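In the entry's author numbering, the protein residues as written are 22 to 123.
Cβ coordinates follow ideal geometry from the N, Cα and C atoms, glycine included.
Reading through the structure tokens given below for one structure.
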Amino acid sequence: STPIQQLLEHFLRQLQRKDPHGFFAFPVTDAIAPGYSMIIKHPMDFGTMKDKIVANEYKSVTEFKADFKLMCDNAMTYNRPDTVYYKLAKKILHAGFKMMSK
Ligand SMILES: Cn1ccc2cc[nH]c2c1=O
């Protein structure tokens, strides 16, 4: 694997530690989130991000960060603010960018 893949695998491991329940581990299904696919146009999750690293689809750290932000923004769009998912998305968006900045 390439230096970028190694760095992104490291960032991904550290980001997933901030989601110990694995709420962001796999794509959101409509079965657990009614109507999700009809509301969220560009779904994202950590498992898809892992597959993109392995496929070498991220050509910059910026692209990886954009998928992480997309994942969090989706949760803050579909869910109401008084939900576990909204609250965690907001928390990990900020904490995750901080972690990747230094
Ligand atoms: C990320 N995520 C995971 C599960 C779920 C159920 C309702 N909303 C959500 C959500 O946003």
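Query, Result
"Any non-hydrogen atom of ligand 1 within 7 Å of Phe-44 CB", "yes"
"Contact belief for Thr-69 with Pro-48 at Cβ below 8 Å, rounded distance in angstroms", "6 Å"
"Residue from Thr-98, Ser-81, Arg-101 with nearest C-alpha to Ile-25", "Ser-81"
"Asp-66, buried or exposed, once every other Cβ within 10 Å from all chains shown has been counted against 16", "buried"
"Classification of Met-92 by the beta-carbon crowding that lies within 10 angstroms, buried from 16 upward", "buried"
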